[PDB]
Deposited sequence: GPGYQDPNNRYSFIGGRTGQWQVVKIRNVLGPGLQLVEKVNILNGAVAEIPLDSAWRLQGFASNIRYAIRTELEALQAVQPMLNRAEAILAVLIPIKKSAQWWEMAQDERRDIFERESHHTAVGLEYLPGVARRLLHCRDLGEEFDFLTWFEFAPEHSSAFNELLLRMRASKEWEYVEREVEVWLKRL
């Protein structure tokens, strides 16, 4: 099953360290997040794992060579980052979006510099009618915390991020 739900509330596998309401309406602070594979709580986010939309074969080969698995023993820290991009983004053609995502913003090339420390999972949810477009998930050991914070500053300055209209960070610790 390709559907995942993230329930902000009082139960779950993950303790909420902090929530940063980066842009637009935030998410209510809660004690924990419960993650269910499938479709007292304060909010629910859901999304699906999907096929590749932008990465080219050589980029997949580079990612496959180095990206770590989810659920490593040392990956006790995580961050759930729901993101919404603008109508102007979604109206663009496929070449126009690819050009912004990689040619201008270097999303893949830049992210690669933070592997293997950072593991990730990408879910999509615009097509479900959700309030966000994407749920991004990152997990890593404390030793990569500083590197992940650097990555966030670099991505938020990119051309791609000029099309982001809502964004929240839910910082988590594995219970």
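- The deposited chain is incompletely modelled, with C-alpha atoms absent over 1-7, 47-52.
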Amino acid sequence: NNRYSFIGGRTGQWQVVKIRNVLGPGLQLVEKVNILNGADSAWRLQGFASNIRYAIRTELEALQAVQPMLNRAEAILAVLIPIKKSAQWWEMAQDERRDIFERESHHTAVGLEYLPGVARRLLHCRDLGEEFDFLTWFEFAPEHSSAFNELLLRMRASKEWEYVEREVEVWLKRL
From here on, numbers count along this sequence of modelled residues.
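- Across the other entries compared, at least a third leave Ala39 without coordinates even though the residues on each side are present.
- Mean CA temperature factor is higher for 23-31 when stretches 129-137 and 23-31 are set side by side in the entry.
- The stretch with the higher mean CA B factor, choosing between 48-56 and 102-110, is 102-110.
- Based on the entry's C-alpha B-factors, the most elevated value among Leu122, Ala39, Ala119, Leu63 belongs to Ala39.
- The PDB entry assigns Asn71 a C-alpha temperature factor belonging to the highest third of its chain's modelled residues.
- Compared with the other modelled residues of the chain, the Cα B-factor recorded for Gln88 ranks in the highest third.
- For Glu160, the recorded CA B-factor ranks within the middle third of the chain. Only modelled residues enter the ranking.
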